[PDB]
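Notes to accompany the following structure.
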Amino acid sequence: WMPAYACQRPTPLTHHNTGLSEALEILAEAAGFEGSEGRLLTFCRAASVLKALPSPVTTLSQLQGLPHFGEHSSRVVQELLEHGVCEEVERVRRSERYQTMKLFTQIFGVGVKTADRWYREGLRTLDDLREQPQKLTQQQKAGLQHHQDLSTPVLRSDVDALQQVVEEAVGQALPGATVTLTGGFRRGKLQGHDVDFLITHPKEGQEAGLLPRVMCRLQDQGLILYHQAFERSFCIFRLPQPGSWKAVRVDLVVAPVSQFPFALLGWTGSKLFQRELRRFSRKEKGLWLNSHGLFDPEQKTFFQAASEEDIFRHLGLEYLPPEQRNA
DNA sequence: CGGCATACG
DNA sequence: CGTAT
DNA sequence: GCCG
Ligand SMILES: [Mg+2]
Ligand code: NA
Ligand code: NA
């Protein structure tokens, strides 16, 4: 009844097993902090299975036959159902390792490997990092300076304001170019921690060289607090607020229109949905999927897509709108 | 037991 | 190494 | 950690 891949089932943004999925995603996150990518994936998948269920899990027997629920994930649910709390999950929550790795990895420019190194060096707090700025990259200096603003959720009203300023710059850089909201907001989220935009032009080839022109114009408008030919730009924008402003993470991506459906699909996510979709494509259909295209390694040809609908069809999957890709 | 998505900056 | 879905 |  429950397909094994997340791309085979609708997953809405809000669901009926929130507490259970949030506990499993703690263990997934903790597995990532320890470099256990396989365990992270299983816990992520088990969490996503519960998001896709049509009603609350109330008894352990309801886990029978669900994919990705074995001894470990089932025991987590069992303890939550019986006691409202899972000892392992709570032990992770309060551990100095988990809390510090979470704090460090949330910094823009700090990954698991850097966080882990700092943790081993004895560092624990953001002010610990601020004391030795010579050890920081320019990207990390920016993430740390702006960390407080970047921790405050972005609202959909903020997104509409940002999209207008991006379109203004894009329109000057290349008349006719279009801006599409992607990421979590396209999946229906009301808040987020960053804003994702996909830029193209209806005339194949006209988008070449576009992103530097867009960035130079945003920078000339005083809107760029930070940014690194290129096709992805990871920016910190100055977003106006009442009598002030705040820093917001904004990602700008350009694709040629021939690849737009694949880039839209990839950048709309969720992250787990795209991993599962690419895994399904490769392992069940023998096709290689990325945010540029879909490749048949037998015939050595790329599939032409005019829409996301085309892509789902070429993979033999029922279409899922973005709001049902919240795996 | 091997595999676990796949890019770009 | 970092970033993104 | 789980699946095929
Ligand atoms: Mg996003
Ligand atoms: Na980070
Ligand atoms: Na983003």
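Both backbone and side-chain heavy atoms feed into the values below; hydrogens, waters and symmetry mates do not. Proteins come first, then strands; the chains are lettered A, B, ... in the order of their sequence lines, and each starts at number 1.
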(message) With a sphere of 6.0 Å drawn around CG of A/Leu155, does it hold more than 12 non-hydrogen atoms of other residues, nucleotides or ligands?
(response) yes
(message) Please classify the nucleic acid contact of A/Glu37 as base, sugar-phosphate, or nothing, using heavy-atom distances under 4.0 Å.
(response) nothing
(request) Figure out the CD/P separation between A/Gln106 and C/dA4, and round it to whole Å. (result) 12 Å
(message) Tell me the interatomic distance from A/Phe104, atom CZ, to C/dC1, atom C1', rounded to whole angstroms.
(response) 17 Å
(message) At 4.0 Å (heavy atoms only), tell me whether A/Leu289 reaches a base, stays on the sugar-phosphate, or touches nothing.
(response) sugar-phosphate
(request) Taking side chain to side chain donor-acceptor pair (under 3.5 Å) as the test, write out the residues that go with A/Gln191, two or more places apart. (result) none
(request) Tell me what A/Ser73 touches on the nucleic acid: a base, only sugar-phosphate, or nothing, going by heavy atoms under 4.0 Å. (result) sugar-phosphate
(message) Does D/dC3 have OP1 or OP2 under 4.0 Å away from a side-chain N or O of A/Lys283?
(response) no
(message) Using atom P in both nucleotides, what's the gap between B/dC8 and D/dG1 to the nearest angstrom?
(response) 33 Å
(message) Applying a 4.0 Å non-hydrogen cut-off, can you work out what A/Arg187 is touching in the nucleic acid: base, sugar-phosphate, or nothing?
(response) sugar-phosphate
(request) Considering just the side-chain nitrogens and oxygens of A/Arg278, establish if one lies under 4.0 Å of OP1 or OP2 belonging to B/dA5. (result) no
(request) Decide whether A/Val166 and A/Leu181 are clustered together by the hydrophobic rule: side chain heavy atoms of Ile, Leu, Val, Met, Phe, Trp, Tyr closer than 4.5 Å, transitively. (result) yes
(request) Would you verify whether the NZ or CZ of A/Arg93 falls within 45 degrees of the ring axis of A/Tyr98 while also being under 6.0 Å from that six-membered ring's centre? (result) no
(request) Rounded to the nearest angstrom, tell me the gap between atom CG in A/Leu63 and atom P in D/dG1. (result) 16 Å
(request) Before accepting this row, confirm whether a basic side-chain N of the pair A/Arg75/A/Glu88 lies closer than 4.0 Å to the acidic partner's carboxylate O. (result) yes
(request) Using whole Å, report how far CG of A/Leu265 lies from P of C/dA4. (result) 19 Å
(message) What is the distance, to the nearest angstrom, from the NZ atom on A/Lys189 to the P atom on C/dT5?
(response) 11 Å
(request) Measure from the side-chain heavy atoms of A/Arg282 and tell me the nearest of C/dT3, B/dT6, D/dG1. (result) B/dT6
(request) Compare the minimum distances between each of D/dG1, B/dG9, C/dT5 and the side chain of A/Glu231, then state the nucleotide with the smallest one. (result) B/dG9
(message) Nearest to the side chain of A/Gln139, heavy atoms from C-beta on, is which of B/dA5, D/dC3, C/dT3?
(response) C/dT3
(message) Rounding to an integer number of Å, can you tell me how far A/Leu277 CG sits from B/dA7 P?
(response) 14 Å
(request) Please work out if A/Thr268 contacts a base, only the sugar-phosphate, or nothing of the nucleic acid, heavy-atom cut-off 4.0 Å. (result) sugar-phosphate
(request) Ignoring backbone atoms, establish whether A/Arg279 has a side-chain N or O less than 4.0 Å from OP1 or OP2 of B/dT6. (result) no
(request) Mind calculating the distance between CG (A/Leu41) and P (D/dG1) to the nearest angstrom? (result) 13 Å
(request) Please check if any side-chain donor atom of A/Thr268 sits under 3.5 Å from a side-chain acceptor atom of A/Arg186, or the reverse. (result) yes
(message) Measuring from the side chain of A/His72 (C-beta onward, heavy atoms only), which nucleotide among D/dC2, B/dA5, B/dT6 has the closest atom?
(response) D/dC2
(message) Check this one for me: any side-chain N or O of A/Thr114 less than 4.0 Å away from OP1 or OP2 of C/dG2?
(response) yes
(message) Nearest heavy atom decides the nucleotide; on that basis, is A/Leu287 or A/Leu211 closer to the 5' end of DNA chain B?
(response) A/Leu287
(message) For a quick check of understanding: with a heavy-atom distance under 4.0 Å over all strands, which category does A/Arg249 fall into, base, sugar-phosphate or nothing?
(response) sugar-phosphate
(message) I want to check one thing: is the phosphate of B/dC8, taken as OP1 and OP2, less than 4.0 Å away from some side-chain N or O of A/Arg232?
(response) no
(request) Answer yes when A/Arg313 and A/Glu308 have at least one side-chain N-carboxylate O distance shorter than 4.0 Å, and no when they do not. (result) no
(message) Any base atoms under 4.0 Å from A/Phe43, or only sugar-phosphate, or nothing? Heavy atoms, all strands.
(response) sugar-phosphate
(message) Considering every strand and a 4.0 Å limit on heavy-atom distances, what is the contact class for A/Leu252: base, sugar-phosphate, or nothing?
(response) nothing
(request) Using atom NZ of A/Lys141 as one end and atom P of C/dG2 as the other, report the distance to the nearest whole Å. (result) 17 Å
(request) Using only side-chain N and O atoms of A/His292, determine if any of them is under 4.0 Å from OP1 or OP2 of B/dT6. (result) no
(message) Return whichever of A/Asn290 or A/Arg45 has its heavy-atom-nearest nucleotide of DNA chain B closer to the 5' end.
(response) A/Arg45
(request) Would you indicate what A/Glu276 reaches in the nucleic acid, counting non-hydrogen atoms under 4.0 angstrom: base, sugar-phosphate, or nothing? (result) nothing
